[PDB]
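Below you'll find only one chain, the form deposited in one PDB entry, shown as structure tokens.
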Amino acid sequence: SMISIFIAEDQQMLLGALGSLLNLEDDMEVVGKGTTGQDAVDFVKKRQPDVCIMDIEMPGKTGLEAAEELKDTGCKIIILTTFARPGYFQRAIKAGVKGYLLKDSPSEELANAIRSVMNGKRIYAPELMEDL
């Protein structure tokens, strides 16, 4: 019923704001928060949440590296980025991320992407497509 979410984001202010934004949803629950890629790998392999919200650039292991390590766990990974950098998109797809969105996308669209991803869909920001 309730979608369990783990959030990996190295910037504490943003991590806290995302948790607050997602806990506002009736059908969602933030079950854990982390600041590194390793925090995501450890929680997801142990606690097995439905969804993992993953920042890319974090210290130790990036969210893309964490996504690769969790490829065959049954967890649905959504990447969040502020900037569209080259090869980020192709590495995201190849790692099997289910969502690849902008961090500043309105919260109503992030919660919708979590539901769509839970429904087996792949949600990629057109802005992040390495073709405009």
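So that there is no doubt, residue numbering starts at 1 and follows the sequence shown. Note that the rigid core is defined as the largest set of C-alphas that superpose within 1.5 Å between two forms. Residues that one form lacks are left out of the comparison.
J.: Identify the stretch, either 56-64 or 76-84, whose C-alpha atoms have the larger mean B-factor according to the entry.
T.: It is 56-64 that shows the higher mean C-alpha B-factor.
J.: So where's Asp50 on the chain's Cα temperature factor ranking, which third?
T.: Middle third.
J.: Which third, lowest, middle or highest, does the C-alpha temperature factor of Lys103 belong to within its own chain?
T.: Ranked within chain, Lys103 CA B lands in the lowest tercile.
J.: Would you please rank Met13 by its C-alpha temperature factor against the other modelled residues of its chain and give the third it falls in: lowest, middle or highest?
T.: Tercile = highest for this residue's CA B-factor.
J.: Using only modelled residues of the chain, where does the Cα B factor of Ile5 rank: lowest third, middle third or highest third?
T.: For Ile5, whose C-alpha B-factor we compare with every modelled residue in the chain, the answer is the lowest third.
J.: Grab the CA temperature factor for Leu128 from the record and place it in the lowest, middle or highest third of its chain.
T.: According to the entry, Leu128 has a C-alpha B-factor in the chain's lowest third.
Unshown form deposited in another entry; subsequent notes refer to it.
J.: Taking the rigid core as the reference frame, is the Cα of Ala67 displaced by 2 Å or more between the shown form and the other one?
T.: Indeed, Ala67 is displaced by 2 Å or more.
J.: Quick one: once the rigid core is lined up, does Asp50 have its C-alpha move by 2 Å or more between the shown form and the other one?
T.: No: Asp50 shifts by under 2 Å between the shown form and the other one.
J.: For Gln11, decide whether the Cα shift between the shown form and the other one is 2 Å or greater, given a superposition on the rigid core.
T.: Superposed on the core, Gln11 moves its C-alpha 2 Å or more between the shown form and the other one.
J.: Relative to what is shown, are the Cα atoms of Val31 and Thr36 closer or farther apart in that other deposited form, where the gap shifts by 3 Å or more?
T.: Nearer in that other deposited form, by 3 Å or more.
J.: Work out the direction of the Cα-Cα change for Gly37 and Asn119 in that other deposited form: closer or farther than in this form? It's 3 angstroms or more.
T.: Distance between the C-alphas of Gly37 and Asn119: longer in that other deposited form, by 3 Å or more.
J.: Which residue stretches between the shown form and the other one come out as moving, taking only runs of at least three where every Cα shifts by 2 Å or more after core superposition?
T.: After superposing the rigid core, the shifted stretches between the shown form and the other one are 9-11, 33-43, 57-74.
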